[PDB]
Amino acid sequence: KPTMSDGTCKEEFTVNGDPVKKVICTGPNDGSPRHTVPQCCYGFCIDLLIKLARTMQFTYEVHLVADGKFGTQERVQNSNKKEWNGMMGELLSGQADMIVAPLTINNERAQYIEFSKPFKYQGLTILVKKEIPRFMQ
Amino acid sequence: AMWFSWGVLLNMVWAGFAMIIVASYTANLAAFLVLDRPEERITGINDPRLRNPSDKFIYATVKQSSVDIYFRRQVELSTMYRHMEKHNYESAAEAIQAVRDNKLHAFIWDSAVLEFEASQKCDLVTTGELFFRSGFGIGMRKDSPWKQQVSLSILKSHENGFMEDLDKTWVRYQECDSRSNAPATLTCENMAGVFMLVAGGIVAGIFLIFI
Amino acid sequence: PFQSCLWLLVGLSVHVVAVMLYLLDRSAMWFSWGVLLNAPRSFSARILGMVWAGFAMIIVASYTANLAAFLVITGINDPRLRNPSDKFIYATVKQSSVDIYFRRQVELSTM
Amino acid sequence: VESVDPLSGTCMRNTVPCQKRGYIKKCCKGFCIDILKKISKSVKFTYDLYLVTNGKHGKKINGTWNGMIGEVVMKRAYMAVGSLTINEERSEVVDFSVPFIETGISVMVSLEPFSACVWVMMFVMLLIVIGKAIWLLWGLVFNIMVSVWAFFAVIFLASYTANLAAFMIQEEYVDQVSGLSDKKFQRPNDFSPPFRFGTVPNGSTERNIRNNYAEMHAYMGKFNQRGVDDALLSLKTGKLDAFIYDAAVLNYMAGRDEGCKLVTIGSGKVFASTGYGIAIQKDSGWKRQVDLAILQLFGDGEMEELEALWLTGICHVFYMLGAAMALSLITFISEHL
Amino acid sequence: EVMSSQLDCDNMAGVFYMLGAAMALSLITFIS
Amino acid sequence: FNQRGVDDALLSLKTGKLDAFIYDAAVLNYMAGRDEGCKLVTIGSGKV
Ligand SMILES: *[C@@H]1O[C@H](CO)[C@@H](O[C@@H]2O[C@H](CO)[C@@H](O[C@@H]3O[C@H](CO[C@H]4O[C@H](CO[C@H]5O[C@H](CO[C@H]6O[C@H](CO)[C@@H](O)[C@H](O)[C@@H]6O)[C@@H](O)[C@H](O)[C@@H]5O)[C@@H](O)[C@H](O)[C@@H]4O)[C@@H](O)[C@H](O)[C@@H]3O)[C@H](O)[C@H]2NC(C)=O)[C@H](O)[C@H]1NC(C)=O
Ligand SMILES: *[C@@H]1O[C@H](CO)[C@@H](O[C@@H]2O[C@H](CO)[C@@H](O[C@@H]3O[C@H](CO[C@H]4O[C@H](CO)[C@@H](O)[C@H](O)[C@@H]4O)[C@@H](O)[C@H](O)[C@@H]3O)[C@H](O)[C@H]2NC(C)=O)[C@H](O)[C@H]1NC(C)=O
Ligand SMILES: N[C@@H](CCC(=O)O)C(=O)O
């Protein structure tokens, strides 16, 4: 979510009264001119990151992905050189130190970067729009 | 005889035909409520509308994603990959918005996301089957001790109810509902129409049959 | 359904209804059994009789609905054949086309 | 583990040979066997499989282990395949591969149709059509211008039945466990009949329950049973209410049963989300290639086939009248006013 | 396969057969 | 009553210009299995 007028996040609580934390995450604002602005990241991976930072004492500087994808390998513009693009592309280039995000554990990515134990045993399903519902003798 | 007929119909042979008509009305009203429309849904990745897709059924996923990789490196998934590689979106949000605005016919993605979109939106429903039972992990640059530390921390997190609370405050926090049990309650619209017709006939009767 | 539990419960509730009606009045049996199986008027307990009629209609509807509810191998890919045991014994004609089919096939060895 | 073929003296079919202690030969098949064969054909390495004769999965006696994990850490076996739950305890002495089967802790136990507006619309219509008029209108609603109102009422009856049937075909209520965060299992002595639930000793679920809720392990200290099948038979008999055990095993058992009475708690939720794996020697060099192999099995989609080959399943009123008595008492107070 | 029943408008269906039997019974009750 | 094109005949049957359609068994089975809707159906349980 976008920052406030003075660069801060609205301390919104849960339905039970749980103060949800948020962290400043620098990323793109938006056929699309490049623009880097700080935003507010909050959610599952953020709380998990806070837990990991609580266990292992280490300061963190959260940022967003330069592109809009996750991490897939692709051929270069010339000389046929395999180069990763996405969050993994930033992790391999040293631009990032750790990927705390919905990052699927697969064989292709594991051959370059290491993964931890699955914190969310998900899967792959399909999303489809629902059909039409809407004294007559 | 009019009071007898209209009295028996609205509660020997005429009474039998009246009971038969009432029972048939109740049975038909039960059959036209307990059942449903002809089944039309996606039975998973093995659905014929995805095996041999066309211009009628358009489905895709997030461009440059794990699903893209999955459909890429496989010979029996060549056709599906060739089909998706022309409709893929840059982000998941645009894809969900597409399948919500009737632009897409389907959208392959993580269950932890798609089942969440079925919890914050009643118009979006996940498919039947489930494939690629993988998982989400923490990205680690090569062989690092931080990988072992984080992994041990996640193991210790699952050891207790940490992830359970994290799921109960984010994932399980559903705003919508699940229409697995389709006929919840009787529609008030039908009762409103019945009330309108009854009050109408009663009004016309009180305006004509009265005097 | 619910056996004689709900039956004796509704019966005792019917006797209690007749007792309450008789206590509110000063006949009741004919009214209760008459409303249940489809008769003093008023007696400052006609509302309780209407509620009893509602409970009777609800009982009839529930009985009918419950009566309608208690009335109305998956092929070769069945798990009972994929990994058989001494419980699910199946076979075919010895020295037949089925035998040949299941013979010369690597993924059809177990069967 | 099936016995060796007596018609030859060796192991038959696509099963793999494994010894069991002075050790006898026995044939092995199943899911993790196919996984082991696949990764042995992928990583390319010969393997000597054998059954553990010292314990079961893995527990901690005094200072040393006494299970498969113990068989690994004592350099008696390099790798450990099979139903092995991964946790922070076992992953301290040995290493684990990427989970090929997701599992965890789970349990396996043995006026609505009428809208809220319909009740107000019926009372409003009865008010329009007092004294005995209300009793006649409300009386004709159940079981000459009023005739029409009767006809409608008849319809109102029909629906009131029809919808009910639908409401009976829709909702599938069940005595589902309220989870581990409930007092139904945290306080069995609270209710009148003490809920009898337990688990297997020396297990991962038992080691996780005692580290997440002392009351559970305290009460299941005498409610513990040896053997999964015996526990299932105890559930079928009536000497045991529910069973706290591994998620995958309970799912398969619910899928493949002599009947179809057993069912997991809820839609299939699982407390303490974990997964099976392969325990190897710590700081080895096979972990990488094994992980890549299993993940390659994920990518290929063969894991789904093996999951559909082995883990495939064949299964899967008066209170209102009491309120009327309270309304009768309120009406009895107006009669003597 | 869920819809509404109208029993068509041809041949000898239900109810009408009962009305016919009642017509025959009435023919046997009026001639008596 | 002869019609050219299977899709045209199916469209004619969906329109109301054709009561039935006598054609190949397999093609009709597939067409009934996969269509724009679930209206078209083979005669009987699957007799040919
Ligand atoms: C989960 O994990 C737990 C453990 O963590 C398992 O529990 C173990 O289960 C096994 C199997 O049921 C139990 O073993 C049983 O024991 C009973 C009773 O004991 C039997 O054996 C003893 C022998 O010990 C005595 O004698 C020794 C030594 O003998 C003499 O000579 C010695 C040297 O020569 C000398 O030092 C001694 O002083 C002595 O003179 C003594 O050290 C010891 O103190 C004892 O005196 C006999 O004494 C008994 O009469 C009896 O025969 C047996 O009846 C069973 O047959 C079986 O062997 C074991 O105790 C359990 N341990 C614990 C800690 O509970 C569970 O089974 C696991 N659950 C599952 C489902 O797997
Ligand atoms: C998303 O990111 C975008 C980055 O590309 C943001 O676009 C920027 O938005 C600002 C705010 O409107 C634009 O205006 C800037 O204004 C400052 C202020 O100088 C002016 O005001 C003083 C008085 O205070 C006056 O004296 C001066 O003469 C100016 O009139 C300028 O210094 C900047 O140059 C700029 O004009 C930016 O132009 C614009 N940046 C770009 C690169 O487009 C966008 O606002 C972001 N959206 C949200 C919701 O945060
Ligand atoms: N899966 C468990 C054993 C079964 C259970 O405890 O439920 C383990 O590997 O330790």
# chains A, B, ... in the order shown; residues from 1 in each chain; ligands from 1
>>> residues_near_ligand(ligand="ligand 3", cutoff="6 Å", atoms="only C-alpha atoms and all ligand atoms", output="count of residues only")
10
>>> residues_near_ligand(ligand="ligand 1", cutoff="9 Å", atoms="only C-alpha atoms and all ligand atoms", output="ChimeraX atom specification")
/D:55-56,59-62,66,200-203,225-227
>>> write_last_selection(atoms="N, CA, C and O atoms", output="tab-separated table (two decimals), in the first residue's frame")
chain	number	residue	atom	x	y	z
D	55	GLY	N	13.60	-49.94	17.12
D	55	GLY	CA	12.64	-48.87	17.24
D	55	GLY	C	11.73	-48.77	16.02
D	55	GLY	O	11.46	-49.77	15.36
D	56	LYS	N	11.27	-47.56	15.73
D	56	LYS	CA	10.40	-47.32	14.58
D	56	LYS	C	10.86	-46.12	13.77
D	56	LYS	O	11.90	-46.17	13.10
D	59	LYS	N	12.87	-41.64	17.94
D	59	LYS	CA	12.59	-41.01	19.22
D	59	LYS	C	13.88	-40.72	19.98
D	59	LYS	O	14.96	-41.09	19.53
D	60	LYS	N	13.76	-40.05	21.12
D	60	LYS	CA	14.92	-39.72	21.93
D	60	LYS	C	14.80	-40.32	23.33
D	60	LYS	O	14.05	-39.82	24.17
D	61	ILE	N	15.53	-41.41	23.57
D	61	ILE	CA	15.51	-42.08	24.86
D	61	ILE	C	16.18	-41.22	25.93
D	61	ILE	O	15.51	-40.46	26.63
D	62	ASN	N	17.50	-41.35	26.05
D	62	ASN	CA	18.26	-40.56	27.01
D	62	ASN	C	19.01	-39.43	26.32
D	62	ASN	O	18.56	-38.28	26.31
D	66	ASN	N	16.88	-43.73	18.95
D	66	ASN	CA	16.57	-45.16	18.85
D	66	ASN	C	15.55	-45.46	17.76
D	66	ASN	O	14.62	-46.23	17.96
D	200	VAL	N	0.07	-42.42	18.97
D	200	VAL	CA	1.12	-43.43	19.08
D	200	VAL	C	2.33	-42.86	19.82
D	200	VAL	O	2.67	-41.69	19.66
D	201	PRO	N	2.97	-43.70	20.65
D	201	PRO	CA	4.18	-43.27	21.37
D	201	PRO	C	5.39	-43.18	20.44
D	201	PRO	O	5.37	-43.78	19.36
D	202	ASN	N	6.40	-42.42	20.85
D	202	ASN	CA	7.65	-42.27	20.10
D	202	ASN	C	7.45	-41.70	18.70
D	202	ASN	O	8.30	-41.87	17.82
D	203	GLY	N	6.32	-41.03	18.49
D	203	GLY	CA	6.01	-40.47	17.19
D	203	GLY	C	6.34	-38.99	17.09
D	203	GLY	O	6.71	-38.36	18.08
D	225	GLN	N	-2.11	-45.70	22.28
D	225	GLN	CA	-2.29	-47.05	21.76
D	225	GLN	C	-1.16	-47.42	20.80
D	225	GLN	O	-0.66	-46.58	20.06
D	226	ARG	N	-0.76	-48.69	20.83
D	226	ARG	CA	0.30	-49.19	19.96
D	226	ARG	C	-0.26	-49.85	18.71
D	226	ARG	O	-0.94	-50.88	18.80
D	227	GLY	N	0.02	-49.26	17.56
D	227	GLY	CA	-0.47	-49.78	16.29
D	227	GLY	C	-1.54	-48.90	15.68
D	227	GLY	O	-2.51	-48.54	16.35
>>> interface_residues(of="chain A", to="chain D", cutoff="8 Å", atoms="only C-alpha atoms", output="PyMOL selection string")
chain A and resi 105-107+110-111+117+121+135
>>> residues_around(residues="residue 109 (chain D)", least_positions_apart="4", cutoff="9 Å", atoms="only C-alpha atoms", output="PDB file with C-alpha atoms, in the first residue's frame")
ATOM      1  CA  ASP D 175     -19.364 -33.602  14.686  1.00  0.00           C
ATOM      2  CA  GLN D 176     -16.111 -31.960  13.596  1.00  0.00           C
ATOM      3  CA  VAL D 177     -13.304 -31.397  16.093  1.00  0.00           C
ATOM      4  CA  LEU D 235     -12.253 -46.205  16.777  1.00  0.00           C
ATOM      5  CA  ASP D 241     -13.441 -41.224  20.223  1.00  0.00           C
ATOM      6  CA  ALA D 242     -10.881 -39.668  17.878  1.00  0.00           C
ATOM      7  CA  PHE D 243      -7.316 -40.390  16.765  1.00  0.00           C
ATOM      8  CA  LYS D 261     -17.349 -44.423   8.246  1.00  0.00           C
ATOM      9  CA  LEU D 262     -13.905 -43.037   9.075  1.00  0.00           C
ATOM     10  CA  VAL D 263     -13.134 -39.484   7.957  1.00  0.00           C
ATOM     11  CA  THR D 264     -10.502 -36.823   8.687  1.00  0.00           C
ATOM     12  CA  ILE D 265     -11.364 -33.798  10.826  1.00  0.00           C
TER      13      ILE D 265
END
>>> select_by_dssp(residues="region 73-175 of chain D", states="strand (DSSP E or B)", output="list in words")
residues 79, 80, 85, 95, 96, 102, 103, 104, 105, 106, 107, 108 and 109 of chain D
>>> write_last_selection(atoms="N, CA, C and O atoms", output="PDB file, in the first residue's frame")
ATOM      1  N   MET D  79      21.170 -43.245   4.163  1.00  0.00           N
ATOM      2  CA  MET D  79      19.904 -42.556   3.946  1.00  0.00           C
ATOM      3  C   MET D  79      18.751 -43.286   4.629  1.00  0.00           C
ATOM      4  O   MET D  79      18.882 -44.446   5.019  1.00  0.00           O
ATOM      5  N   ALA D  80      17.624 -42.597   4.779  1.00  0.00           N
ATOM      6  CA  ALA D  80      16.446 -43.183   5.405  1.00  0.00           C
ATOM      7  C   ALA D  80      15.180 -42.801   4.648  1.00  0.00           C
ATOM      8  O   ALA D  80      14.756 -41.646   4.677  1.00  0.00           O
ATOM      9  N   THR D  85       8.367 -38.028   9.185  1.00  0.00           N
ATOM     10  CA  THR D  85       7.982 -36.636   9.395  1.00  0.00           C
ATOM     11  C   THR D  85       9.190 -35.769   9.737  1.00  0.00           C
ATOM     12  O   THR D  85       9.990 -36.115  10.606  1.00  0.00           O
ATOM     13  N   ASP D  95      20.185 -34.577   8.306  1.00  0.00           N
ATOM     14  CA  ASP D  95      19.611 -33.673   7.318  1.00  0.00           C
ATOM     15  C   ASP D  95      18.357 -34.272   6.695  1.00  0.00           C
ATOM     16  O   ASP D  95      18.096 -35.466   6.832  1.00  0.00           O
ATOM     17  N   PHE D  96      17.583 -33.434   6.015  1.00  0.00           N
ATOM     18  CA  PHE D  96      16.372 -33.887   5.343  1.00  0.00           C
ATOM     19  C   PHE D  96      16.292 -33.362   3.915  1.00  0.00           C
ATOM     20  O   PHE D  96      16.806 -32.287   3.606  1.00  0.00           O
ATOM     21  N   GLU D 102       3.337 -33.805   1.402  1.00  0.00           N
ATOM     22  CA  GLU D 102       2.942 -32.885   2.461  1.00  0.00           C
ATOM     23  C   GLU D 102       2.019 -33.574   3.460  1.00  0.00           C
ATOM     24  O   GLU D 102       1.058 -34.241   3.073  1.00  0.00           O
ATOM     25  N   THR D 103       2.315 -33.416   4.745  1.00  0.00           N
ATOM     26  CA  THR D 103       1.505 -34.029   5.792  1.00  0.00           C
ATOM     27  C   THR D 103       1.554 -33.216   7.082  1.00  0.00           C
ATOM     28  O   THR D 103       1.818 -32.015   7.058  1.00  0.00           O
ATOM     29  N   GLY D 104       1.290 -33.874   8.204  1.00  0.00           N
ATOM     30  CA  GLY D 104       1.304 -33.212   9.495  1.00  0.00           C
ATOM     31  C   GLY D 104       0.380 -33.884  10.489  1.00  0.00           C
ATOM     32  O   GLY D 104       0.032 -35.053  10.333  1.00  0.00           O
ATOM     33  N   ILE D 105      -0.020 -33.140  11.515  1.00  0.00           N
ATOM     34  CA  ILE D 105      -0.900 -33.670  12.548  1.00  0.00           C
ATOM     35  C   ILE D 105      -2.367 -33.477  12.173  1.00  0.00           C
ATOM     36  O   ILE D 105      -2.778 -32.385  11.781  1.00  0.00           O
ATOM     37  N   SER D 106      -3.148 -34.546  12.288  1.00  0.00           N
ATOM     38  CA  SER D 106      -4.570 -34.497  11.968  1.00  0.00           C
ATOM     39  C   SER D 106      -5.370 -35.496  12.800  1.00  0.00           C
ATOM     40  O   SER D 106      -4.804 -36.398  13.422  1.00  0.00           O
ATOM     41  N   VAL D 107      -6.688 -35.326  12.800  1.00  0.00           N
ATOM     42  CA  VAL D 107      -7.582 -36.202  13.548  1.00  0.00           C
ATOM     43  C   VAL D 107      -8.617 -36.849  12.633  1.00  0.00           C
ATOM     44  O   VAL D 107      -9.056 -36.245  11.654  1.00  0.00           O
ATOM     45  N   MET D 108      -9.003 -38.078  12.957  1.00  0.00           N
ATOM     46  CA  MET D 108      -9.991 -38.803  12.167  1.00  0.00           C
ATOM     47  C   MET D 108     -11.085 -39.390  13.052  1.00  0.00           C
ATOM     48  O   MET D 108     -10.923 -40.468  13.623  1.00  0.00           O
ATOM     49  N   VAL D 109     -12.200 -38.674  13.161  1.00  0.00           N
ATOM     50  CA  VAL D 109     -13.322 -39.122  13.978  1.00  0.00           C
ATOM     51  C   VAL D 109     -14.135 -40.195  13.261  1.00  0.00           C
ATOM     52  O   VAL D 109     -13.919 -40.465  12.078  1.00  0.00           O
TER      53      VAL D 109
END
>>> residues_around(residues="residue 79 (chain B)", least_positions_apart="3", cutoff="8 Å", atoms="only C-alpha atoms", output="list in words")
residues 51, 52, 76, 82 and 83 of chain B
>>> write_last_selection(atoms="N, CA, C and O atoms", output="JSON list (two decimals), in the first residue's frame")
[["chain", "number", "residue", "atom", "x", "y", "z"],
["B", 51, "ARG", "N", -7.00, -29.21, -22.84],
["B", 51, "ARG", "CA", -6.20, -30.15, -23.61],
["B", 51, "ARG", "C", -6.12, -29.72, -25.07],
["B", 51, "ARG", "O", -5.03, -29.66, -25.65],
["B", 52, "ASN", "N", -7.27, -29.43, -25.66],
["B", 52, "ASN", "CA", -7.33, -28.92, -27.02],
["B", 52, "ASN", "C", -8.06, -27.58, -27.06],
["B", 52, "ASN", "O", -9.22, -27.51, -27.47],
["B", 76, "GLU", "N", 4.52, -33.27, -23.05],
["B", 76, "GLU", "CA", 3.08, -33.51, -23.11],
["B", 76, "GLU", "C", 2.29, -32.25, -22.76],
["B", 76, "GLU", "O", 1.07, -32.24, -22.85],
["B", 82, "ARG", "N", 1.99, -23.59, -25.58],
["B", 82, "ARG", "CA", 1.87, -22.80, -26.81],
["B", 82, "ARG", "C", 0.62, -21.93, -26.78],
["B", 82, "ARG", "O", 0.60, -20.85, -27.36],
["B", 83, "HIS", "N", -0.42, -22.42, -26.11],
["B", 83, "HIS", "CA", -1.66, -21.67, -26.00],
["B", 83, "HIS", "C", -1.56, -20.54, -24.98],
["B", 83, "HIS", "O", -1.98, -19.42, -25.24]]
>>> residues_near_ligand(ligand="ligand 2", cutoff="10 Å", atoms="only C-alpha atoms and all ligand atoms", output="MDAnalysis selection string")
chainID A and resid 2:5 27:30 32:39
>>> interface_residues(of="chain B", to="chain A", cutoff="6 Å", atoms="only C-alpha atoms", output="MDAnalysis selection string")
chainID B and resid 64:65 106:112 123:127 130:142 147 151 194
>>> write_last_selection(atoms="N, CA, C and O atoms", output="compact mmCIF listing (two decimals), in the first residue's frame")
# COMPACT_ATOMS: atom_id res chain seq x y z
N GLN B 64 6.34 -15.32 -17.14
CA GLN B 64 7.58 -15.53 -16.40
C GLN B 64 7.31 -15.89 -14.95
O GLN B 64 7.67 -15.15 -14.03
N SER B 65 6.66 -17.03 -14.74
CA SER B 65 6.35 -17.52 -13.40
C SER B 65 6.63 -19.01 -13.29
O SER B 65 7.10 -19.63 -14.24
N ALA B 106 -10.12 -19.03 -17.75
CA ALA B 106 -9.47 -19.72 -16.64
C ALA B 106 -8.12 -19.07 -16.33
O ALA B 106 -7.58 -18.33 -17.14
N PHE B 107 -7.58 -19.36 -15.15
CA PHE B 107 -6.28 -18.81 -14.76
C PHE B 107 -5.52 -19.73 -13.80
O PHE B 107 -5.86 -19.84 -12.63
N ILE B 108 -4.48 -20.37 -14.32
CA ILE B 108 -3.65 -21.28 -13.53
C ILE B 108 -2.76 -20.52 -12.56
O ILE B 108 -1.99 -19.65 -12.97
N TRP B 109 -2.85 -20.85 -11.27
CA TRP B 109 -2.02 -20.19 -10.26
C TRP B 109 -2.00 -20.96 -8.95
O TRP B 109 -2.61 -22.02 -8.82
N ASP B 110 -1.27 -20.42 -7.97
CA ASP B 110 -1.13 -21.05 -6.65
C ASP B 110 -2.47 -21.18 -5.94
O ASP B 110 -3.32 -20.29 -6.00
N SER B 111 -2.65 -22.30 -5.25
CA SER B 111 -3.88 -22.55 -4.49
C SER B 111 -3.99 -21.59 -3.32
O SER B 111 -5.09 -21.15 -2.96
N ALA B 112 -2.85 -21.25 -2.72
CA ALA B 112 -2.81 -20.33 -1.59
C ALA B 112 -3.27 -18.93 -1.98
O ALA B 112 -3.57 -18.10 -1.12
N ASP B 123 -17.63 -14.30 -6.75
CA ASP B 123 -17.78 -14.49 -8.19
C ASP B 123 -16.63 -15.31 -8.78
O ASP B 123 -16.68 -15.71 -9.94
N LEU B 124 -15.60 -15.54 -7.97
CA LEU B 124 -14.43 -16.30 -8.42
C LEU B 124 -14.31 -17.62 -7.68
O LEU B 124 -14.20 -17.64 -6.45
N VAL B 125 -14.33 -18.72 -8.42
CA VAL B 125 -14.26 -20.05 -7.82
C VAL B 125 -13.11 -20.87 -8.41
O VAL B 125 -12.91 -20.89 -9.63
N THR B 126 -12.35 -21.54 -7.54
CA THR B 126 -11.27 -22.41 -7.98
C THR B 126 -11.83 -23.64 -8.68
O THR B 126 -13.01 -23.98 -8.53
N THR B 127 -10.99 -24.32 -9.45
CA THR B 127 -11.41 -25.50 -10.20
C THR B 127 -11.55 -26.72 -9.30
O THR B 127 -11.56 -26.60 -8.07
N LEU B 130 -6.33 -30.67 -8.42
CA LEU B 130 -5.15 -29.95 -7.97
C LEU B 130 -3.87 -30.67 -8.39
O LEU B 130 -3.72 -31.87 -8.16
N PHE B 131 -2.95 -29.93 -9.01
CA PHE B 131 -1.70 -30.52 -9.48
C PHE B 131 -0.49 -29.72 -9.02
O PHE B 131 -0.63 -28.60 -8.52
N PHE B 132 0.69 -30.30 -9.19
CA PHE B 132 1.96 -29.68 -8.81
C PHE B 132 1.97 -29.30 -7.33
O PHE B 132 2.02 -28.11 -6.99
N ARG B 133 1.93 -30.30 -6.46
CA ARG B 133 1.96 -30.07 -5.02
C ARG B 133 3.37 -29.73 -4.55
O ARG B 133 4.08 -30.58 -4.03
N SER B 134 3.76 -28.47 -4.74
CA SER B 134 5.10 -28.02 -4.38
C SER B 134 5.12 -27.33 -3.02
O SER B 134 4.83 -27.95 -2.00
N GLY B 135 5.46 -26.05 -3.02
CA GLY B 135 5.52 -25.27 -1.80
C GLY B 135 6.32 -23.99 -1.95
O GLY B 135 7.10 -23.86 -2.89
N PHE B 136 6.12 -23.06 -1.03
CA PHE B 136 6.82 -21.78 -1.06
C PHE B 136 7.99 -21.80 -0.08
O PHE B 136 7.85 -22.28 1.04
N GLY B 137 9.13 -21.27 -0.50
CA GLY B 137 10.31 -21.26 0.34
C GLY B 137 11.04 -19.93 0.36
O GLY B 137 10.67 -18.99 -0.35
N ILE B 138 12.07 -19.84 1.20
CA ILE B 138 12.87 -18.63 1.31
C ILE B 138 14.06 -18.68 0.35
O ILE B 138 14.85 -19.62 0.37
N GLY B 139 14.17 -17.66 -0.49
CA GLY B 139 15.25 -17.59 -1.47
C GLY B 139 16.61 -17.38 -0.84
O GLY B 139 16.82 -16.43 -0.09
N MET B 140 17.54 -18.28 -1.15
CA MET B 140 18.88 -18.22 -0.59
C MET B 140 19.95 -18.27 -1.68
O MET B 140 19.93 -19.15 -2.54
N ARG B 141 20.88 -17.32 -1.63
CA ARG B 141 21.96 -17.26 -2.61
C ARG B 141 23.00 -18.36 -2.36
O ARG B 141 23.77 -18.28 -1.41
N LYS B 142 23.00 -19.37 -3.23
CA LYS B 142 23.94 -20.48 -3.16
C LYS B 142 23.91 -21.19 -1.80
O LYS B 142 22.89 -21.16 -1.10
N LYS B 147 20.65 -20.30 5.19
CA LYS B 147 19.64 -21.20 4.67
C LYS B 147 19.27 -22.25 5.71
O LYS B 147 18.09 -22.54 5.92
N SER B 151 15.73 -22.35 7.61
CA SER B 151 15.01 -23.62 7.49
C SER B 151 14.68 -24.19 8.86
O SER B 151 13.56 -24.68 9.09
N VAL B 194 -45.41 -14.03 -5.03
CA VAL B 194 -46.60 -14.74 -4.57
C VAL B 194 -47.47 -13.83 -3.72
O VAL B 194 -48.70 -13.85 -3.83
>>> closest_atom_pairs(of="chain B", to="chain C", cutoff="12 Å", atoms="only C-alpha atoms", output="CSV")
residue,atom,partner,partner_atom,distance
B:11,CA,C:38,CA,11.8
B:23,CA,C:64,CA,11.5
B:26,CA,C:64,CA,10.7
B:27,CA,C:68,CA,9.6
B:30,CA,C:68,CA,9.5
B:31,CA,C:72,CA,10.9
B:34,CA,C:69,CA,10.4
B:35,CA,C:72,CA,11.6
>>> residues_around(residues="region 104-108 of chain C", least_positions_apart="2", cutoff="12 Å", atoms="only C-alpha atoms", output="VMD selection string")
(chain C and resid 76 to 77 81 to 83 97 to 102 110 to 111) or (chain D and resid 13 to 14 309)
>>> write_last_selection(atoms="C-alpha atoms", output="short mmCIF file (atom, residue, chain, number, x, y, z; two decimals), in the first residue's frame")
data_model
loop_
_atom_site.label_atom_id
_atom_site.label_comp_id
_atom_site.auth_asym_id
_atom_site.auth_seq_id
_atom_site.Cartn_x
_atom_site.Cartn_y
_atom_site.Cartn_z
CA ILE C 76 -9.96 -50.65 -14.15
CA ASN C 77 -8.42 -47.61 -12.45
CA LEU C 81 -7.34 -53.59 -8.33
CA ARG C 82 -4.16 -51.50 -8.54
CA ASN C 83 -2.89 -52.84 -5.22
CA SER C 97 -7.50 -62.57 -24.47
CA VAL C 98 -7.65 -60.80 -21.11
CA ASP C 99 -4.80 -63.03 -19.94
CA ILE C 100 -2.78 -61.99 -22.99
CA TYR C 101 -3.62 -58.34 -22.35
CA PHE C 102 -2.43 -58.39 -18.74
CA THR C 110 1.05 -56.69 -10.45
CA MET C 111 -2.56 -57.20 -11.54
CA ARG D 13 7.57 -58.30 -9.29
CA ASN D 14 8.81 -54.70 -9.40
CA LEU D 309 -1.11 -45.07 -7.88
#
>>> closest_residue(among="F:17, F:32, F:39, F:23", to="chain E", atoms="only C-alpha atoms")
F:39
>>> residues_around(residues="region 5-10 of chain B", least_positions_apart="5", cutoff="9 Å", atoms="only C-alpha atoms", output="PyMOL selection string")
(chain B and resi 15+17-19+21-22) or (chain D and resi 147-154)
